[PDB]
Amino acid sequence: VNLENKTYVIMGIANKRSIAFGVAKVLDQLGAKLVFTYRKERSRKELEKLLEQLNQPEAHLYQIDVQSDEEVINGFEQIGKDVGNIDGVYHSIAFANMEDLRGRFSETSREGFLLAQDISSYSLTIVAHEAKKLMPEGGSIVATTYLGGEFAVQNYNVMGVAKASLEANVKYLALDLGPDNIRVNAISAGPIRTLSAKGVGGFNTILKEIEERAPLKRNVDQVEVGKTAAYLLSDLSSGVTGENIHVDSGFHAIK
């Protein structure tokens, strides 16, 4: 609902299509001060262009590669100095090598399996640890997952095992951080046409199947994830932790 005098860190905007930019537009439109973290330079320039469409009167941008403890630790330390205590973190970060996102899961390399774990699951653990320091009176942390973490979805392969790892991460952090009044939840988004979606074998087939087979008979967009992000990030969800909310036209519920 209304989020004036709230402050949220959004990680993982790459471009206009990022799920995280959908989150950002909804939080922005609701009055939140926003901070953004990015990995690569291109995502920075992009963010600077995208910020023109938002009502943020100023550009809070931090480079953080979640493969580096130092960058996560220092980035959050700096956010603390620049902006003060924050009210939550939206985590929208995942990665796996393309060669792993097709053909045969049983052929996945150790290096690729461990990389997807590092970036797509462990990153939440360390982000939660550092972000907690900026949440002395509690807060909310939301990560993004896909139904592939709950069932085996053809092609999603190593990323489905990373997402399953992430969803359990979310539950273990909810149990750990709960006494500190920090809630930790996931949004299981339906398929959405993003930069990262280009890397997944058979994406287009899945989008069509949703339209044919999901209860709502349509696909979801980034703003729909954003609205559910706003619920999860706000006092509207005050009793909810350890949860996975599927923003997916009801596909999760059918077989």
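Between two forms, the rigid core is defined as the largest C-alpha subset superposing within 1.5 Å. For every residue, the number given is its place in the sequence shown, counted from 1.
Participant: Consider 138-146 and 181-189 separately and indicate which one has Cα atoms farther, on average, from the shown form in 8 other deposited structures of this protein after rigid core alignment.
Facilitator: Once the core is superposed, the stretch further away in 8 other deposited structures of this protein is 138-146.
Participant: With the rigid core as the fit anchor, does 107-115 or 68-76 show bigger C-alpha shifts in 8 other deposited structures of this protein?
Facilitator: It is 107-115 whose C-alphas lie farther from the shown form in 8 other deposited structures of this protein.
Participant: Can you let me know which of the two, 221-229 or 197-205, has the higher average C-alpha B-factor in the entry?
Facilitator: In the deposited entry, the stretch with the higher C-alpha B-factor mean is 197-205.
Participant: Averaged over C-alpha atoms, is the B-factor higher for 149-157 or for 82-90 in this PDB entry?
Facilitator: The stretch with the larger mean CA B-factor is 82-90.
Participant: Looking at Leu27, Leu47, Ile187, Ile210, which has the highest Cα B-factor in the entry?
Facilitator: Highest CA B-factor of the listed options: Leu47.
Participant: Between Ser140, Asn74, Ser123, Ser106, which one tops the list for C-alpha B-factor in the PDB entry?
Facilitator: Highest C-alpha B-factor among the listed options: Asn74.
Participant: Would you mind checking where the Cα B-factor of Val9 ranks among the modelled residues of its chain, as the lowest, middle or highest third?
Facilitator: It belongs to the middle third of the chain when residues are ordered by C-alpha B-factor.
Participant: Sorting by Cα B-factor within the chain, modelled residues only, which third would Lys171 end up in: lowest, middle or highest?
Facilitator: Within its chain, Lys171 is a lowest-third residue by C-alpha B-factor, going by the deposited values.
Participant: Taking the chain's C-alpha temperature factors as the reference, tell me which third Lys133 falls into: lowest, middle or highest.
Facilitator: For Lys133, whose C-alpha B-factor we compare with every modelled residue in the chain, the answer is the middle third.
Participant: Is the Cα B-factor recorded for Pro215 in the lowest, middle or highest third of its chain?
Facilitator: Bottom third by C-alpha B-factor.
Participant: What third of the chain, by the recorded C-alpha B-factor, contains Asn15?
Facilitator: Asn15: CA B-factor falls in the highest third of its chain.
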